[PDB]
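Below is one structure, written out as structure tokens; the observations come after it.
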Amino acid sequence: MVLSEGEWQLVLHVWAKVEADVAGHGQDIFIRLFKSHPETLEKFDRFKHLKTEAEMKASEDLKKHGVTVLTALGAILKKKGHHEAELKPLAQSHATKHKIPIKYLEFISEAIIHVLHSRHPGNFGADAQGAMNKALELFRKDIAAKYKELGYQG
Ligand code: HEM
């Protein structure tokens, strides 16, 4: 699949807003993910002890992790589809070291859309959400293909 320049513009326009507060968006997204799909929390040995949203918000390590994740995702989105090089190491660590099923990538994609919808309604209307979903589907599709080449079905 391929996004048009118009769709990329919608994606990058709302992403520019997210970059005004990467740490904050990172926390909201992971808290949403962990609360909505608690099973994903078990994949993080560093955070699986967190019991409440309050503890999650107060975790300095979780906040730093969120920044690392969103920074990596932002770099991929800014490539506008030409992300082969960026995807290689990400696909290897998540398939081989962390063992993250494609299903879980769908869950975090849902969390990202939910947070952008809540925080940026004016810049995240129907068309913008469709563009973001398409960009994330492309990401998940290419990651899945790499998973297979690497020997991980998940
Ligand atoms: C938007 C998709 C995602 C991106 C861009 C992303 C990115 C990253 C990055 C850059 C790191 C640090 C470097 C590395 O280990 O490769 C990381 C670590 C990790 N990711 Fe992801 N990730 C994504 C989704 C997920 C999901 C859905 C899970 C599982 C629910 C997951 C689990 C992990 C784990 C367990 C680590 C190691 C954390 C640690 O122990 O420090 N990731 N991820």
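By convention in this document, the chains of the structure tokens carry letters A, B, ... by their order, each chain's residues are numbered from 1, and ligands are numbered from 1 in the order they are shown.
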(message) I'd like the neighbourhood of residue A:1 as a list in words, where a residue qualifies if any of its atoms comes within 9 Å (using only C-alpha atoms), though same-chain residues fewer than 4 positions away should be ignored.
(response) residues 134, 137, 138 and 141 of chain A
Spatial neighbours of residue A:136, 9 Å, only C-alpha atoms, chain gap at least 6 places, as a PDB file with N, CA, C and O atoms, in the first residue's frame:
```pdb
ATOM      1  N   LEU A  77       7.730   7.737  10.596  1.00  0.00           N
ATOM      2  CA  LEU A  77       6.675   8.487   9.912  1.00  0.00           C
ATOM      3  C   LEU A  77       7.243   9.578   9.009  1.00  0.00           C
ATOM      4  O   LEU A  77       6.737   9.816   7.910  1.00  0.00           O
ATOM      5  N   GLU A 106      -1.109  -3.881  16.927  1.00  0.00           N
ATOM      6  CA  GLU A 106      -2.425  -3.356  16.594  1.00  0.00           C
ATOM      7  C   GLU A 106      -2.971  -2.643  17.829  1.00  0.00           C
ATOM      8  O   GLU A 106      -3.553  -1.562  17.722  1.00  0.00           O
ATOM      9  N   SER A 109      -1.432   0.709  18.274  1.00  0.00           N
ATOM     10  CA  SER A 109      -1.871   1.600  17.204  1.00  0.00           C
ATOM     11  C   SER A 109      -3.208   2.199  17.632  1.00  0.00           C
ATOM     12  O   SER A 109      -3.471   3.378  17.412  1.00  0.00           O
TER      13      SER A 109
END
```
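Residues in contact with residue A:27 at 9 Å, where only C-alpha atoms are counted and same-chain residues fewer than 6 positions away are skipped, are listed as residues 56, 57, 62, 63, 64, 65, 66 and 67 of chain A.
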Written file, previous selection with C-alpha atoms, as a PDB file, in the first residue's frame:
```pdb
ATOM      1  CA  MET A  56       2.386   4.439  35.966  1.00  0.00           C
ATOM      2  CA  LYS A  57       2.206   8.237  35.828  1.00  0.00           C
ATOM      3  CA  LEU A  62       8.135   4.608  31.888  1.00  0.00           C
ATOM      4  CA  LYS A  63       8.191   8.257  30.839  1.00  0.00           C
ATOM      5  CA  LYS A  64      11.701   7.935  29.413  1.00  0.00           C
ATOM      6  CA  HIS A  65      10.672   4.745  27.620  1.00  0.00           C
ATOM      7  CA  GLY A  66       7.683   6.527  26.091  1.00  0.00           C
ATOM      8  CA  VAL A  67       9.943   9.241  24.700  1.00  0.00           C
TER       9      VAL A  67
END
```
(message) Using only C-alpha atoms and all ligand atoms for the distances, tell me which of A:8, A:15, A:34, A:104 is nearest to ligand 1.
(response) A:104
(request) Find the residues near stretch 118-122 of chain A: any atom within 9 Å, counting only C-alpha atoms, skip ones fewer than 6 places away on the same chain, and give them as an MDAnalysis selection string. (result) chainID A and resid 14 17:18 25
Writing out the chosen residues with C-alpha atoms as a PDB file, in the first residue's frame:
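See out.pdb below for the written result:
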```
ATOM      1  CA  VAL A  14      -0.836  16.204  13.777  1.00  0.00           C
ATOM      2  CA  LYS A  17       1.581  18.813  17.599  1.00  0.00           C
ATOM      3  CA  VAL A  18       2.569  15.623  19.419  1.00  0.00           C
ATOM      4  CA  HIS A  25       2.012  11.906  24.810  1.00  0.00           C
TER       5      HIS A  25
END
```
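Counting only C-alpha atoms, the residue from A:154, A:2, A:102, A:139 that sits nearest to residue A:86 is A:139.
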Tell me, counting only C-alpha atoms and all ligand atoms, for each residue of chain A within 7 Å of ligand 1, which pair of atoms is nearest and how far apart they are in Å to one decimal, in rows ordered by chain and increasing number, as JSON lines.
```
{"residue": "A:40", "atom": "CA", "partner": "ligand 1", "partner_atom_place_in_ligand_line": "30 (C)", "distance": 4.3}
{"residue": "A:41", "atom": "CA", "partner": "ligand 1", "partner_atom_place_in_ligand_line": "30 (C)", "distance": 6.4}
{"residue": "A:43", "atom": "CA", "partner": "ligand 1", "partner_atom_place_in_ligand_line": "35 (C)", "distance": 5.1}
{"residue": "A:44", "atom": "CA", "partner": "ligand 1", "partner_atom_place_in_ligand_line": "35 (C)", "distance": 4.4}
{"residue": "A:45", "atom": "CA", "partner": "ligand 1", "partner_atom_place_in_ligand_line": "40 (O)", "distance": 6.3}
{"residue": "A:46", "atom": "CA", "partner": "ligand 1", "partner_atom_place_in_ligand_line": "40 (O)", "distance": 5.6}
{"residue": "A:65", "atom": "CA", "partner": "ligand 1", "partner_atom_place_in_ligand_line": "41 (O)", "distance": 6.9}
{"residue": "A:68", "atom": "CA", "partner": "ligand 1", "partner_atom_place_in_ligand_line": "10 (C)", "distance": 5.6}
{"residue": "A:69", "atom": "CA", "partner": "ligand 1", "partner_atom_place_in_ligand_line": "7 (C)", "distance": 4.3}
{"residue": "A:70", "atom": "CA", "partner": "ligand 1", "partner_atom_place_in_ligand_line": "5 (C)", "distance": 6.4}
{"residue": "A:72", "atom": "CA", "partner": "ligand 1", "partner_atom_place_in_ligand_line": "10 (C)", "distance": 5.2}
{"residue": "A:73", "atom": "CA", "partner": "ligand 1", "partner_atom_place_in_ligand_line": "5 (C)", "distance": 4.4}
{"residue": "A:89", "atom": "CA", "partner": "ligand 1", "partner_atom_place_in_ligand_line": "16 (O)", "distance": 6.6}
{"residue": "A:90", "atom": "CA", "partner": "ligand 1", "partner_atom_place_in_ligand_line": "16 (O)", "distance": 5.0}
{"residue": "A:93", "atom": "CA", "partner": "ligand 1", "partner_atom_place_in_ligand_line": "16 (O)", "distance": 4.8}
{"residue": "A:94", "atom": "CA", "partner": "ligand 1", "partner_atom_place_in_ligand_line": "16 (O)", "distance": 6.3}
{"residue": "A:98", "atom": "CA", "partner": "ligand 1", "partner_atom_place_in_ligand_line": "35 (C)", "distance": 5.0}
{"residue": "A:100", "atom": "CA", "partner": "ligand 1", "partner_atom_place_in_ligand_line": "29 (C)", "distance": 5.3}
{"residue": "A:104", "atom": "CA", "partner": "ligand 1", "partner_atom_place_in_ligand_line": "27 (C)", "distance": 4.6}
{"residue": "A:105", "atom": "CA", "partner": "ligand 1", "partner_atom_place_in_ligand_line": "27 (C)", "distance": 4.3}
{"residue": "A:107", "atom": "CA", "partner": "ligand 1", "partner_atom_place_in_ligand_line": "27 (C)", "distance": 6.7}
{"residue": "A:108", "atom": "CA", "partner": "ligand 1", "partner_atom_place_in_ligand_line": "27 (C)", "distance": 5.3}
{"residue": "A:109", "atom": "CA", "partner": "ligand 1", "partner_atom_place_in_ligand_line": "1 (C)", "distance": 6.6}
```
Resulting file, chosen residues, N, CA, C and O atoms, as a PDB file, in the first residue's frame:
```
ATOM      1  N   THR A  40      -0.468  -6.803  27.628  1.00  0.00           N
ATOM      2  CA  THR A  40       0.715  -6.214  27.005  1.00  0.00           C
ATOM      3  C   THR A  40       1.733  -5.810  28.065  1.00  0.00           C
ATOM      4  O   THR A  40       2.936  -5.788  27.807  1.00  0.00           O
ATOM      5  N   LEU A  41       1.249  -5.500  29.263  1.00  0.00           N
ATOM      6  CA  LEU A  41       2.133  -5.095  30.347  1.00  0.00           C
ATOM      7  C   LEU A  41       3.100  -6.210  30.740  1.00  0.00           C
ATOM      8  O   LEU A  41       4.235  -5.943  31.144  1.00  0.00           O
ATOM      9  N   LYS A  43       4.760  -8.058  28.958  1.00  0.00           N
ATOM     10  CA  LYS A  43       5.915  -8.122  28.072  1.00  0.00           C
ATOM     11  C   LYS A  43       7.069  -7.247  28.555  1.00  0.00           C
ATOM     12  O   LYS A  43       8.203  -7.406  28.106  1.00  0.00           O
ATOM     13  N   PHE A  44       6.780  -6.325  29.468  1.00  0.00           N
ATOM     14  CA  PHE A  44       7.805  -5.427  29.991  1.00  0.00           C
ATOM     15  C   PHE A  44       8.266  -5.830  31.388  1.00  0.00           C
ATOM     16  O   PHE A  44       7.608  -5.515  32.379  1.00  0.00           O
ATOM     17  N   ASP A  45       9.405  -6.509  31.471  1.00  0.00           N
ATOM     18  CA  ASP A  45       9.927  -6.934  32.764  1.00  0.00           C
ATOM     19  C   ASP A  45      10.236  -5.732  33.648  1.00  0.00           C
ATOM     20  O   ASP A  45      10.220  -5.833  34.872  1.00  0.00           O
ATOM     21  N   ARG A  46      10.510  -4.593  33.021  1.00  0.00           N
ATOM     22  CA  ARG A  46      10.829  -3.375  33.757  1.00  0.00           C
ATOM     23  C   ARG A  46       9.604  -2.671  34.331  1.00  0.00           C
ATOM     24  O   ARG A  46       9.728  -1.883  35.270  1.00  0.00           O
ATOM     25  N   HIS A  65      10.925   5.789  28.601  1.00  0.00           N
ATOM     26  CA  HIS A  65      10.672   4.745  27.620  1.00  0.00           C
ATOM     27  C   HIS A  65       9.703   5.270  26.560  1.00  0.00           C
ATOM     28  O   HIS A  65       9.889   5.034  25.367  1.00  0.00           O
ATOM     29  N   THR A  68      11.430   7.414  24.089  1.00  0.00           N
ATOM     30  CA  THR A  68      12.245   6.613  23.183  1.00  0.00           C
ATOM     31  C   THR A  68      11.389   6.000  22.079  1.00  0.00           C
ATOM     32  O   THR A  68      11.766   6.015  20.906  1.00  0.00           O
ATOM     33  N   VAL A  69      10.233   5.468  22.462  1.00  0.00           N
ATOM     34  CA  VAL A  69       9.327   4.843  21.506  1.00  0.00           C
ATOM     35  C   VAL A  69       8.742   5.843  20.512  1.00  0.00           C
ATOM     36  O   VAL A  69       8.788   5.621  19.302  1.00  0.00           O
ATOM     37  N   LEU A  70       8.201   6.953  21.008  1.00  0.00           N
ATOM     38  CA  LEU A  70       7.617   7.940  20.108  1.00  0.00           C
ATOM     39  C   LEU A  70       8.649   8.588  19.196  1.00  0.00           C
ATOM     40  O   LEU A  70       8.333   8.970  18.072  1.00  0.00           O
ATOM     41  N   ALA A  72      11.291   7.059  17.981  1.00  0.00           N
ATOM     42  CA  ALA A  72      11.551   6.071  16.942  1.00  0.00           C
ATOM     43  C   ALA A  72      10.393   6.043  15.939  1.00  0.00           C
ATOM     44  O   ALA A  72      10.606   5.946  14.731  1.00  0.00           O
ATOM     45  N   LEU A  73       9.167   6.137  16.438  1.00  0.00           N
ATOM     46  CA  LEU A  73       8.003   6.114  15.557  1.00  0.00           C
ATOM     47  C   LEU A  73       7.972   7.375  14.696  1.00  0.00           C
ATOM     48  O   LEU A  73       7.658   7.320  13.505  1.00  0.00           O
ATOM     49  N   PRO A  89      16.299  -2.855  12.480  1.00  0.00           N
ATOM     50  CA  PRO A  89      16.628  -3.131  13.880  1.00  0.00           C
ATOM     51  C   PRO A  89      15.420  -3.237  14.799  1.00  0.00           C
ATOM     52  O   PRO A  89      15.444  -3.981  15.783  1.00  0.00           O
ATOM     53  N   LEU A  90      14.368  -2.494  14.479  1.00  0.00           N
ATOM     54  CA  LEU A  90      13.158  -2.509  15.289  1.00  0.00           C
ATOM     55  C   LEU A  90      12.486  -3.869  15.164  1.00  0.00           C
ATOM     56  O   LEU A  90      12.030  -4.444  16.152  1.00  0.00           O
ATOM     57  N   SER A  93      14.678  -6.660  17.109  1.00  0.00           N
ATOM     58  CA  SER A  93      14.549  -6.661  18.563  1.00  0.00           C
ATOM     59  C   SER A  93      13.159  -7.090  19.039  1.00  0.00           C
ATOM     60  O   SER A  93      13.031  -7.815  20.028  1.00  0.00           O
ATOM     61  N   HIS A  94      12.114  -6.663  18.335  1.00  0.00           N
ATOM     62  CA  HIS A  94      10.764  -7.021  18.754  1.00  0.00           C
ATOM     63  C   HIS A  94      10.334  -8.437  18.424  1.00  0.00           C
ATOM     64  O   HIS A  94       9.455  -8.995  19.081  1.00  0.00           O
ATOM     65  N   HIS A  98      12.214  -9.258  22.349  1.00  0.00           N
ATOM     66  CA  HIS A  98      10.987  -9.007  23.099  1.00  0.00           C
ATOM     67  C   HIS A  98       9.824  -9.942  22.772  1.00  0.00           C
ATOM     68  O   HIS A  98       8.952 -10.155  23.614  1.00  0.00           O
ATOM     69  N   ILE A 100       7.167  -9.727  20.344  1.00  0.00           N
ATOM     70  CA  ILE A 100       5.912  -8.992  20.314  1.00  0.00           C
ATOM     71  C   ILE A 100       5.044  -9.387  19.128  1.00  0.00           C
ATOM     72  O   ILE A 100       5.400  -9.133  17.976  1.00  0.00           O
ATOM     73  N   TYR A 104      -0.265  -7.234  19.195  1.00  0.00           N
ATOM     74  CA  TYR A 104       0.083  -6.194  20.160  1.00  0.00           C
ATOM     75  C   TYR A 104       0.424  -4.873  19.481  1.00  0.00           C
ATOM     76  O   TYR A 104       0.245  -3.806  20.070  1.00  0.00           O
ATOM     77  N   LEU A 105       0.919  -4.936  18.249  1.00  0.00           N
ATOM     78  CA  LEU A 105       1.235  -3.713  17.516  1.00  0.00           C
ATOM     79  C   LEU A 105      -0.085  -3.059  17.127  1.00  0.00           C
ATOM     80  O   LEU A 105      -0.180  -1.837  17.005  1.00  0.00           O
ATOM     81  N   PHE A 107      -2.767  -3.239  19.002  1.00  0.00           N
ATOM     82  CA  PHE A 107      -3.242  -2.639  20.245  1.00  0.00           C
ATOM     83  C   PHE A 107      -2.617  -1.266  20.504  1.00  0.00           C
ATOM     84  O   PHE A 107      -3.309  -0.333  20.917  1.00  0.00           O
ATOM     85  N   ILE A 108      -1.315  -1.127  20.279  1.00  0.00           N
ATOM     86  CA  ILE A 108      -0.700   0.170  20.534  1.00  0.00           C
ATOM     87  C   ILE A 108      -1.108   1.187  19.474  1.00  0.00           C
ATOM     88  O   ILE A 108      -1.141   2.389  19.745  1.00  0.00           O
ATOM     89  N   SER A 109      -1.432   0.709  18.274  1.00  0.00           N
ATOM     90  CA  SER A 109      -1.871   1.600  17.204  1.00  0.00           C
ATOM     91  C   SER A 109      -3.208   2.199  17.632  1.00  0.00           C
ATOM     92  O   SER A 109      -3.471   3.378  17.412  1.00  0.00           O
TER      93      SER A 109
END
```
(message) Among chain A, which ones does DSSP assign to helix (DSSP H, G or I) (computed from the backbone)? Answer as an MDAnalysis selection string.
(response) chainID A and resid 5:36 38:43 53:58 60:77 84:97 102:119 121:123 126:150
